[PDB]
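Given as structure tokens, the chain that follows is alone and in the form deposited without the named molecule.
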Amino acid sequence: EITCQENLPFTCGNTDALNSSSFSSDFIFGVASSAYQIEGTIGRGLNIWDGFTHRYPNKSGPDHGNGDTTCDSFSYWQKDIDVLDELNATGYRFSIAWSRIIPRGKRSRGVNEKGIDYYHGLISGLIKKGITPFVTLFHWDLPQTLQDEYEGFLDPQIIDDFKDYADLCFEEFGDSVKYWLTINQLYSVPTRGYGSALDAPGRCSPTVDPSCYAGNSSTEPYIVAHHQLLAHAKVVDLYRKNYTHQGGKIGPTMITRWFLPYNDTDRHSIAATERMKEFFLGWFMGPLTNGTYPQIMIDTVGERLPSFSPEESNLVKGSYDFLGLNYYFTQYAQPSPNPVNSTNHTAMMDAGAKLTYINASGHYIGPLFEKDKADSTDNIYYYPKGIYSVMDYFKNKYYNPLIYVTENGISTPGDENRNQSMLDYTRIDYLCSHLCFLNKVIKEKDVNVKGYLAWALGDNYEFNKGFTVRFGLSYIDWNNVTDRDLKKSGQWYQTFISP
């Protein structure tokens, strides 16, 4: 019988008690990255994260940081491989920058051979060290040209441009890459990119944020989400019809959270909690498992919710071999009004829920996850049991899928000096406590989880935060980015992997 801790102090950093041998022999352990966050702009065209961070520097991070140079994995990809080799990792998730291989967006405009060569060399280097690549086609970095031609995922033109990009990736890299992710965190671009305008491309209703160049936060999230699902599904169909000889697997990436009632004896909070599951997870998992959006979304969102045709429904339903599930934290849910006629209405209001990290009796859900220095009542707290609850829910609700945990990690402040930054015991605690619950759910609930990739390989540009936080298991000096030095967490993870 497995017992796992939910509160500080944690004792799962002892590899005598928790290590890779606790999991099945074939289980993959590694780390993750994304292209905007690590590569730099050298050698690629411009994408909407370049555009957004440059047009709206205060939205890029408090330091106005961006991905222009970052950790320079364009130059230092071998050093990334070296970290993975030091870890004895068996997996690495990275993304392909669309703008590096097709700078002009549309494949018929030509490819960048040198960009293709960059990923060939990375892939070959990984495989030579026994590391399985997990490759994200689209980690938010849409070529700027496509956003300017037709507003990107706002328009159905995205589907064929994404398909042709993906086809090039399968053609060039699929002989070696056997695990593909289509779109990173399906929920995020619709809501943050087109709802709150916290993320690229930065569209919203005028009264939500007067700096947005255009948008409608009530309608566009739904349009974009719908196009994401269709573009994803078209790529999965292309993969499974035209690249079956490659013997690989493909799936989407979800951001997952668990949700608990703010007041577990209040029917209204219980209802809000179940609505959140539907609106947060079901928005995408309903289509992916059934070809339809959840009924509560149909009912609430009404004419703002697009319909799938019968052909589209069939294309989207079942459009995965596995799910990449990202998991960071859990929220309490309580009811909230949905003012659909307000000029500041957002899609996110349609769930009719307010989310907190403290429940009605004043209980904080778990240890600190992210401090918010401008408003401490907005601090985020984590909840290790949430990974158990999410995986159990996916198994039970969503037809026992094959799952890889494609991100899980925690930040430390960029204000810490290097010695403090390397002494990242809070990261060991977060990672181990989640791994304990992941082992527990696999054993107790028989969830088909076959790997775990911690966020992040190394310090990088963090969307929305610049270089003001660090997520890496290895440390990068922003004054001299060449080295990636394993932190205490990376050293712990090395021991966990090879105990």
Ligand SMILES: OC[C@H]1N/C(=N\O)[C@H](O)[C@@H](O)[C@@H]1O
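The first residue of the shown sequence is 1; numbering continues from there.
J.: Of 322-330 and 208-216, which one has the bigger average CA B-factor?
T.: Looking at the record's C-alpha B-factors, the answer is 208-216.
J.: Averaging CA B factors per stretch from the PDB record, which one is higher: 33-41 or 56-64?
T.: Mean C-alpha B-factor is greater for 56-64.
J.: Would you mind finding, among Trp455, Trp49, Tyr430, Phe467, the residue with the largest C-alpha temperature factor in the entry?
T.: Each of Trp455, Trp49, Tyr430, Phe467 was compared by C-alpha B-factor; the highest is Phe467.
J.: Take the CA temperature factors straight from the PDB entry and tell me which of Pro337, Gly91, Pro201, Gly409 peaks.
T.: Of the candidates given, the C-alpha B-factor peaks at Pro337.
J.: Please rank the C-alpha B-factors of the chain's modelled residues and tell me whether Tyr76 sits in the lowest, middle or highest third.
T.: Highest third.
J.: In terms of the chain's CA B-factor thirds, is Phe308 lowest, middle or highest?
T.: Within its chain, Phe308 is a highest-third residue by C-alpha B-factor, going by the deposited values.
J.: Taking only the Cα B-factors deposited for this chain, tell me whether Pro156 sits in the lowest, middle or highest third.
T.: It falls in the middle third of the chain.
J.: Report the third (lowest, middle or highest) to which the CA temperature factor of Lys450 belongs, ranking only the modelled residues of the same chain.
T.: Middle third, going by the recorded CA B-factors of the chain.
J.: For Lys443, return the chain-relative third of its C-alpha B-factor as stated in the PDB record: lowest, middle or highest.
T.: Tercile = highest for this residue's CA B-factor.
Although it is not shown, the form deposited with the named molecule bound is what the next lines describe.
J.: Specify the contacting stretch among 150-158, 416-424, 183-191, 126-134, defined as having any heavy atom within 4.5 Å of the named molecule in the deposited complex.
T.: Within 4.5 Å of the partner lies stretch 183-191.
J.: Is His139 close enough to touch the named molecule in the deposited complex, meaning at least one heavy atom pair within 4.5 Å?
T.: Although the named molecule is absent here, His139 would touch it in the deposited complex, with heavy atoms inside 4.5 Å.
J.: Might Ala271 be said to contact the named molecule in the deposited complex, defining contact as any heavy atom within 4.5 Å?
T.: The answer is no: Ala271 has no heavy atom within 4.5 Å of the named molecule.
J.: Residue-level question: is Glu407 within 4.5 Å of the named molecule in the deposited complex, judged on heavy atoms?
T.: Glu407: yes, in contact with the named molecule in the deposited complex.
J.: Answer with yes or no whether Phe94 is in contact with the named molecule in the deposited complex, where contact means some heavy atom within 4.5 Å.
T.: Judged by the heavy-atom cut-off of 4.5 Å, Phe94 is well away from the named molecule in the deposited complex.
J.: Tell me, out of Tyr388, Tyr119, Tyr328, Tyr222, which residue has a non-hydrogen atom within 4.5 angstroms of the named molecule in the deposited complex.
T.: If I apply the 4.5 Å criterion carefully, the residue I get is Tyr328.
J.: Taking the named molecule in the deposited complex as the reference, which of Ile255, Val111, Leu368, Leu355 has a non-hydrogen atom within 4.5 Å?
T.: None of the other options qualify; the answer is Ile255.
J.: Under the 4.5 Å heavy atom criterion, name the residues of 427-462 that approach the named molecule in the deposited complex, in sequence order.
T.: Heavy-atom contacts to the named molecule in the deposited complex: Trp455, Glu462.
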